[PDB]
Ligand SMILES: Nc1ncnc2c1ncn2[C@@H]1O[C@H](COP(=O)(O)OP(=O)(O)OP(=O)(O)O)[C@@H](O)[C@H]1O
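Consider the single chain below, provided in structure tokens and representing the form deposited without the ligand.
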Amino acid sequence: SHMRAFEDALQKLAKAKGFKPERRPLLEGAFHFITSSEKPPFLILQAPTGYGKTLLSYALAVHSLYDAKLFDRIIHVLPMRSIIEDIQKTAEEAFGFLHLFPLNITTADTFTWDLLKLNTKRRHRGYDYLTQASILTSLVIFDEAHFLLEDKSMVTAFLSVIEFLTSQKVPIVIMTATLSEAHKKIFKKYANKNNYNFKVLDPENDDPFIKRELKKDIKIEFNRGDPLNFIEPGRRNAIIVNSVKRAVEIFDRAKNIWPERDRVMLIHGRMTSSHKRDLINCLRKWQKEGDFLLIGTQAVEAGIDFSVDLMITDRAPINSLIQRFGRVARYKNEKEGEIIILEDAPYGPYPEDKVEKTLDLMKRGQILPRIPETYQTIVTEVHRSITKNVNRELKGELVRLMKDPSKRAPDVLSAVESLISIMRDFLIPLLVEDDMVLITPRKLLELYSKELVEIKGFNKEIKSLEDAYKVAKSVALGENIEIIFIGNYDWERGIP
């Protein structure tokens, strides 16, 4: 068979995560398809949530220590909002990995900023990689992060970094429990355009994982109102919600409602990196010892590994709902669970038409999770029509500037400024005393008006969002400015 790097990963992972080895048949075939692969591979691994898909990411990384003919490292891309301190906490404690790491964990927007030759330095803090070329020599795995095509303000950019990435024949693995026919079509398009070896691996009808999960009885319900109406002390409770301000307010009251205040916890992305690390430590500990109440945003749906007896969720598109369902009865001997979707919840970042279409389509065809047969039809029907709002000319220019070595960030920013800009989603580093928090340009203005932000090396006093967008323009150009937080960082609530 001649694949020891896969065995080495399956053993070291099964020890640090304390589970006894299982088969996981698709993963070995997926590993072999990438390594042999006469032509550059474009694998779409479409497996249910909680399958163990991240094992292939660890396997291909160990394989890079022994052979780098196809790729010298594994770049592992998580969705934009997601929290990456969990997988980093596993790539460190299990495998012990400007320095070349065999496995790098970036996020969806940071990835496209790098391919556009923009500055992402403080996000990478030594540093793992800081260069567009370090990406092109690697194998990039999109872990539930291709859903940036669903973000209206991000379609043109991320479509350009898919056209450019395939134009360089970079090996690409796409991991998703939610693969619409519309997405498989765009990926097969650029895979066929650049002579890849396209492939889609989804489990068989006799797959042991899906059989084991059908023995699980987990009901899903609908309701309205305050999510604290449905908490159940004595069980593991999780309330996942569509915005951070909403998550802080639910936690501000769940402090005093839950029987043991010690077992209440808030997690979201507007926190320092070390604070997230501490919460992952406190959360792995509670996973073995009794009950708790976890309150979080979408950030914990992709990156964090936890199982919860009862799940209370805002209404959301089917992609993030399937992700959030995946943390109810996730482990082996967990057979009973409960899900309650709040259909009256605020949308937040999500498009309104999409969240209502999943809510309707779900109610007709009652689904049970981790069984793609039930939710696959809703997936293909909601996540479509991407090409409506693609700037086909700006997309052509971005792929032009990315291909040209003599074009740097000023050429990318000025060309984008002519077709303030997409910059609205370019998060900027807010400096908390020692750590750092990524915030939006809009959030920077709100904090400057409250007189909590001090900007060194920059003159304009920030009002009128266009001014805040200009600070992001400076950070992207790598200018010697520091956006510093003056107030006291709340070690529980994060940044407002």
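Note that residue numbering follows the sequence shown and begins at 1.
Only in words, not in the display: the form solved in complex with the ligand, which the text now covers.
Undergrad: Heavy atom within 4.5 Å of the ligand in the bound PDB entry: which of 46, 54, 64, 440?
TA: Selected option: 54.
Undergrad: Tell me, out of 323, 180, 120, 107, which residue has a non-hydrogen atom within 4.5 angstroms of the ligand in the bound PDB entry.
TA: Looking at the other structure, the residue within range turns out to be 323.
Undergrad: Just one of 273-281, 299-307, 237-245, 218-226 has residues with a heavy atom within 4.5 Å of the ligand in the bound PDB entry, so point it out.
TA: Every other range fails; the passing one is 299-307.
Undergrad: Report yes if any heavy atom of residue 327 sits within 4.5 Å of a heavy atom of the ligand in the bound PDB entry; otherwise report no.
TA: The answer is yes: residue 327 has a heavy atom within 4.5 Å of the ligand.
Undergrad: Does residue 50 make contact with the ligand in the bound PDB entry, using a 4.5 Å heavy atom cut-off?
TA: Taking the distances in the bound PDB entry, the answer for residue 50 is yes, it comes within 4.5 Å of the ligand.
Undergrad: Does the ligand come within 4.5 Å of any heavy atom of residue 21 in the bound PDB entry?
TA: Yes.
Undergrad: Within 4.5 Å, heavy atoms only: does residue 17 come near the ligand in the bound PDB entry?
TA: Contact check for residue 17: yes, within 4.5 Å of the ligand in the bound PDB entry.
Undergrad: Could you run down 130-159 and flag each residue that has a heavy atom within 4.5 Å of the ligand in the bound PDB entry?
TA: Only a single residue, 144, comes within 4.5 Å of the partner.
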